[PDB]
Ligand SMILES: NCCC[C@H](N)C(=O)O
Ligand SMILES: NCCC[C@H](N)C(=O)O
Ligand SMILES: NCCC[C@H](N)C(=O)O
Ligand SMILES: NCCC[C@H](N)C(=O)O
Ligand SMILES: NCCC[C@H](N)C(=O)O
Ligand SMILES: NCCC[C@H](N)C(=O)O
Ligand SMILES: [Co+2]
Ligand SMILES: [Co+2]
Ligand SMILES: [Co+2]
Ligand SMILES: [Co+2]
Ligand SMILES: [Co+2]
Ligand SMILES: [Co+2]
C-alpha cells in the first residue's frame, strides 16, 4: 500500500500538552522503517509547523478556537495534497480535534468517503452542547452536514464546510457519550456499535455490519479515525481521556486487519497518544507499541502471517 | 427507576471480617449521589443494625448459624418493607449468606420472582454437603423448595421457608463448584452458564437464553444476586473467595445493562466486596469502582449514552 | 483418564536454558497429586536423562542439531512405550523441538492420529527457511510427509520419518508466523485459526470447526501439542518467545475442556515453560499455575464442576 505520512504535533484541542509529542514517539518507535519493512511505499511529508496564536481567548466556553481552527485548516491542505499524490494519508496526531482538517482535506479529493470512528467517545458535541469546552470532543459536529446551522460562527473555522452526512459514518467502541451527544446519535440516526454492541455481537459481526453498512450501496474510499483511547487503558494508558472496559488489543487489530482487507483504506488518523501521561516508562512504550501495531495492521501486517509472491521452498 | 437502599454490614457467613465494611465503602464512593444523578428516585433505609450473638457455637461443621440466621431474618423483613413501598431493593452487602434473607423477603411480596445469580460459585451446599462450614456457600440450598427435607434444623433458620423452585434460577459465571453442588445442579436440572458456556456462546447469547429461560412463560419480577467474585479478580480483587478466569468488566456491565432493559429488575444484591483484602489501596478502589459501575448499569446507565426527553439541540 | 507422565528437561532447541526446569516446577506445583485428585490413573515415567553431546557444531545455520535430534529420538521411544501401555502420554517439556519425538513416538503406535497445535507460532520452518537456527521453530517441518524432500540430512535426525500429512493438523492461536512458514501454510493447505480467526468466530466455533475438521471422516486419536506461549503473556510470561494479543486463560481452558470431552485425547505436550524468564517470583507461579490448569482440563477438570457417580444428597 502507498502511504503519505503527516505529523500533526497539536494539543490545543484539549488541556494536556504532551499529545503534540505523538508524531515524535511514533517515528522513534520506527514506524517508517516498519512500514517500509512491508510492501509499503512510504513518503514522509514531515511534521506540520503549527505556529502559535498568542491571542486566542475562548469563544463562549470553547477553548483555543483560533489555534484549533488553524491547525485543522493547515492539516486539511496537507491531507488533500497527499491524496492528490495518490497516497493514503496517515496522520500521526496530537488531539482528535485534528479530525476536522484530516477528514475535510480527504473529502476535498474524495467527496464520497465513508468514515469509521474508533473511539470511546463520539466527539460530536457542538460548541453549544459541550460542557468541557475542549474541541477534541467536537470534531464530528463541524463535519456533519445535518448539523450545519447548529454550529455557531467560531473564530478560526470559517473555512469549514460540512463534508459528511450522518449516514456516512460508523462509530465503534463508544463507552462515554455525553447526553447531548446521545441525543444527536438517536436524532440523526447515526450508526454505532458501543461497547455494549461489541459485547453482544462480537467484533467479527460488528465489522461485518460496519463494512456492509458503509460499502453496501457501492464501494467508496474509507477514512479511519482511530483514537487510541478507543482501546482499553490496559493497552493504551498514556492518553488524556481514558475509559475502562475498552476494546482489546486483539479487537483493535481485528478492526484494522478487516479494514485493510477491503483495499479501500484511503485516510487514517492515529490520535491522542500522549507520552507525558504514562504513569511509567513502560506504560508509555506499551501505548506507543500498540499504536504502531494498529497502524501496521492498517497497511497489511496480518497475524496469520505474510509472504511475498515467490517460492519460499524454491 | 425507584430504589430502596439497604446496607447489610454482615460477615459471619465466612471467615474474613472486612466484608461488613462493604456498605460503607460503596456509599463513600458516592453510590447514592451517582444513582440520583440518573433519573433515579433513591431512598436510603440505612444500615441494618446486626447485633452480636456471643453464644453461637457451630452446628456440626456449620459456623455462626444463629448470627447468620438472624441477620437474614432481619434483612428479609427490611427487603419486604422496601418492596411493599414500591421500590427496587438494593442490598449493599457483606457476605453472600445474606441472599437467604434478601430473596426470602423479596419473595414474600413477589412469590413469582425469578433469580439470576452471578457468581464464580453456586453457593448451594447444604449444611451436610459443605466442607468449609461457611454459610455464604450455602444460601441457595435454604431457598430451594426441592431441597427442603435435605436441610437439617440449623439454629437460627427456623423462620426460613423455601421460596424458589429449581426452575426459577439461572447461574452465570460459575468456575469453582463443589462435587455435591454439581450433583445438585444435574439432579434438580438447574439452568446454568458456567465460564465454559460463556466462552462457547458469548455473553450476548448467554443473556438472551437467560432472560428467555426465566421470562418465556410469562413476565415476572427479577432478583439479581451479584457476587463480585463472579467477575475476574483483575477487576474485583478485594473479595474473599476469588477465582481466576472470571467474567470481564464488560461482560459484567453487559449482564446488568440487559437486565435493566427488561424493566423487570425487582431486587438486587451487590455482595462480597471486602476492602480489607485489597493487596493495595488501588485494588480496593478498583473493586469498589467496578461494584459501583455494575450497580449503576442495573439502574439505567448505558455505555452507548443516556439523554433526557428534551431537545438538546433546541 | 489413564496417564503416562514423561519429563523432558531439554532446552537446546532454543537459546535460553531455564526451560529444562519445566518438568521440575510443574511437578513441584503438585501436578501428579492434582491429577490423581481426579479420577486419574497416574504413572510417572520420570525425567528422561538427556546426556550431553559436547561435539555439536551447527549444521549450516541450525543449532545443536545432534543434541535436539537425540533428545527427540529418546523421547519418541518413551512415548511409544507409554502408548503401548495403554496410557495417554503427557510430556512435561522443555522447548517445542521435542514435539518431533513426541508426535513421532505417538504415531508409531497410532499412525492415524490428528494433531492440534496450540501456539503463537507455526514452528514449521525447515532447516533452510529458518533465520534463527533454533530447532524449536522447526519441529513441524520434520513431521510433515509433504515436506520430506525439502528437509536436508541434518545430523541427529536420520531416524526421523515424516508421520503426519498436512491435512492431519490444525493450528490455533497463531500470531507470529515467518514468511516462509506462511508460504508453507497456504501451499500445503494447512488448516489454521490464527488470532484473527479466533477474534472473528469466537473460541467456541473455532473448536467446533477444529474437531469436525479432524474427526469428521472418522474418529482418530488426538495429539495436543500445547505451547504455553500460545496463551497471552499476561497469563504465561515465563516463556522464551512471548507474543502479545494471545489466547486468554479462559480460551485456553475452553480448548482443553472441549478436547477432553471428545474422549479421544491420546498424547499431550505442555511446552516452553521457562521459570528463569519470569520477571518476578509471581510471574513464574502465574505461568506454572496456568500450565497446570490447562493440563488438568485436558484430563477432566471442568469449570462447571465435577462429581462422582454417587448420591451426594444420600
Ligand atoms: N455547556 C452547556 C450545557 C450543555 C449540555 N452539555 C447538554 O448539551 O446537555
Ligand atoms: N475527546 C473526548 C471528549 C470528552 C468529552 N465528551 C468532551 O466533550 O470534553
Ligand atoms: N463435610 C462432609 C463432606 C461432604 C462433601 N463436601 C460432599 O458433599 O461430597
Ligand atoms: N461463597 C463461596 C463458597 C466457597 C465454597 N464452595 C464453600 O462452600 O465454602
Ligand atoms: N535463513 C535463510 C532465509 C530464509 C527466509 N527465512 C525465508 O524462508 O524467507
Ligand atoms: N518456537 C518459536 C519459533 C520462533 C521463530 N519462528 C523461529 O523460527 O525461531
Ligand atoms: Co476518545
Ligand atoms: Co476521540
Ligand atoms: Co462467589
Ligand atoms: Co456467592
Ligand atoms: Co510458540
Ligand atoms: Co511452539
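Shown for chain B, in order and in Swiss-Prot numbering: 6-319.
According to its header, the structure was obtained by X-ray crystallography, 1.5 Å.
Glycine too: its Cβ is placed from the backbone N, Cα and C atoms.
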> Out of B:29, B:215, B:246, B:253, which does Swiss-Prot tie to the same substrate site as B:126, B:127, B:128, B:129, B:130, B:137, B:138, B:139, B:183, B:277?
Replying inline: B:246
>> For the candidates B:146, B:163, B:199, B:230, I need the one that Swiss-Prot annotates as phosphoserine.
In response: B:163
>> B:101, B:124, B:128 show up in Swiss-Prot as binding Mn(2+) 1; which entry in B:46, B:181, B:204, B:232 does that record put in the same site?
In response: B:232
> What residue among B:107, B:217, B:271 has an entry for phosphoserine in Swiss-Prot?
Replying inline: B:217
> Select from the recorded positions B:72, B:126, B:217, B:232, B:234, B:277: which have any Cβ-Cβ contact with chain C shorter than 8 Å?
Replying inline: none
> Of the binding-site residues B:124, B:126, B:130, B:232, B:234, which ones put their CB under 6 Å from ligand 9?
Replying inline: B:124, B:126, B:232, B:234
> In Å, how long is the longest CA to CA span across B:126, B:127, B:128, B:129, B:130, B:137, B:138, B:139, B:183, B:246, B:277, which the record gives as the substrate binders?
Replying inline: 19
> Within 8 Å of the Cβ centre of B:124, B:126, B:232, B:234, which other residues of the chain have their Cβ, at the recorded Mn(2+) 2 site?
Replying inline: B:101, B:123, B:125, B:128, B:178, B:233, B:235, B:246, B:276, B:277
>> Here's one to test understanding: among the recorded positions B:62, B:101, B:138, whose C-alpha is closest in space to the C-alpha of residue B:234 (Mn(2+) 2 binding site)?
In response: B:101
>> Under a three-state reading of DSSP, tell me whether residue B:232 (Mn(2+) 1 binding site) is helix, strand or coil.
In response: strand
> At the Cα level, what's the spacing in Å between residue B:17 (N6-succinyllysine) and residue B:101 (Mn(2+) 1 binding site), rounded?
Replying inline: 10
>> Within its own chain, what residues at least 6 apart in sequence put their Cβ under 8 Å from the Cβ of residue B:128 (Mn(2+) 1 binding site), listed in sequence order?
In response: B:101, B:104, B:122, B:141, B:142, B:143, B:144, B:145, B:232
> Relative to the Cα of residue B:277 (substrate binding site), which of the recorded positions B:124, B:163, B:217 has the closest Cα?
Replying inline: B:124
> Of B:17, B:75, B:101, B:126, the recorded positions given in the record, which has the fewest other CB atoms within 10 A of its CB?
Replying inline: B:75
>> Cβ under 6 Å from an atom of ligand 4: which of these recorded positions qualify? The list is B:72, B:75, B:124, B:163, B:277.
In response: none
